[PDB]
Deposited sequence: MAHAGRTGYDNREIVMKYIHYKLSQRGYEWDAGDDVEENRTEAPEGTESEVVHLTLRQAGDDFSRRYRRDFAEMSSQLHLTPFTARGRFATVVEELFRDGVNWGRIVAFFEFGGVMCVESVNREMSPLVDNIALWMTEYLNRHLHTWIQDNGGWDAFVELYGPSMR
């Protein structure tokens, strides 16, 4: 599995779904389909949290990484599970949408990098040891 691909496809899907553009994301399949379906379902179930986050972020170029780090720490404070990983992807999608809304499209490239590195370094061992994306697909696909 390729975490950069997973992030790129997911962000492209979310942005395209809501009418936003991301130049660098213009373009195993089972993981991408499962992740985007899970995230759509999460956003429907927690739509109030989704709207609240969308309206409160108030991003700027110098604060975006801190907003990202602050939410991700809180999201995982009580431990990682697959639903919190889906929530992390959905949050990354909100950060990207809000970046364009604030006329800061270049931040989408940064956020995709931060998500990828989070998967590659912080979440990597938990994901591997709890069965990888294959287990996520068996559970929720």
What ranges of the deposited sequence, counted from 1, have no C-alpha atoms in this structure?
1-8, 36-48, 163-166
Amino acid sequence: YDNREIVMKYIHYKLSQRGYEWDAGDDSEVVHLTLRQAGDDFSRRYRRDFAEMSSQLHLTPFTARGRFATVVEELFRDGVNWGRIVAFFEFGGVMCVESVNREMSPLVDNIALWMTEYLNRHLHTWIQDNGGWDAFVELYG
From here on, numbers count along this sequence of modelled residues.
Look up the CA B-factors in the entry and say which stretch, 76-84 or 55-63, has the higher mean.
55-63
Segment of higher mean CA temperature factor, 128-136 or 18-26:
18-26
In terms of CA temperature factor as recorded, identify the highest of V97, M104, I111, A38.
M104
